[PDB]
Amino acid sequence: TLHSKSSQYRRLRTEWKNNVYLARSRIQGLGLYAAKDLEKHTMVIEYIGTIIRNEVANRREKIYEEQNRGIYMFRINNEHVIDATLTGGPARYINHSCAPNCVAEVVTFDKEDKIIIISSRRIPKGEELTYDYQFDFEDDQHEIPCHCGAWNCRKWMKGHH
C-alpha cells in the first residue's frame, strides 16, 4: 500500500536527499531546511547513527568534549541514545525549537527501530526544520541557553557550545 508506514519508509530511503539541504541556521550554527514544499505528516529524514546505552553515551560525550568538535545525539528513551557524532547523517544538524515543525517518531522496519523526523504541518521550501529536543527537568543532563526565538521559548535546552 502506497501510504503504509513501511512503504513511506521505503520511499524515504530514496527521497530524503531531495527533502532537505544543509545551510546556515536562523537559530544556531548549521541547520537543516526543506528543499521543497513538504506535506504534513510526511517522513522527512531519518536520524541515523549508532544506538548505544546511557553509560556508553556519557563516556562518549566526555571523549568528544575533549576534542574541538560538535556532539550529535538523539535520546530515544531512558535506556538508549542514538549517537550521530561519528556515523550520523544530515538529520543531526536539525536544531531544537520550543515551537517546532517536525516530530521524531520511532518506526520499526525489517526488525529494526528507527527514528524518523516527520513534519507536523506543511512546511514550505526554504523553511528551517526543527523538532523539540525533550529536555526533562529531572537532572540527567546539563543545559545551555535556548536561542530558538519562539514566543513560548523555555529559554533553556539540553546541549553544548
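Numbering starts at 1 and follows the sequence shown.
- Stretches 36-44 and 59-67 differ in mean C-alpha B factor, with the higher average recorded for 59-67.
- With 15-23 and 144-152 compared on mean CA B-factor from the PDB entry, the stretch scoring higher is 144-152.
- Sorting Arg92, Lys114, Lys125, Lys111 by the CA temperature factor given in the entry leaves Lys111 at the top.
- Of the candidates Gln28, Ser97, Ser120, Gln134, the deposited coordinates give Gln134 the top C-alpha B factor.
- Annotation for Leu129: CA B-factor lies in the lowest third of the chain's modelled residues.
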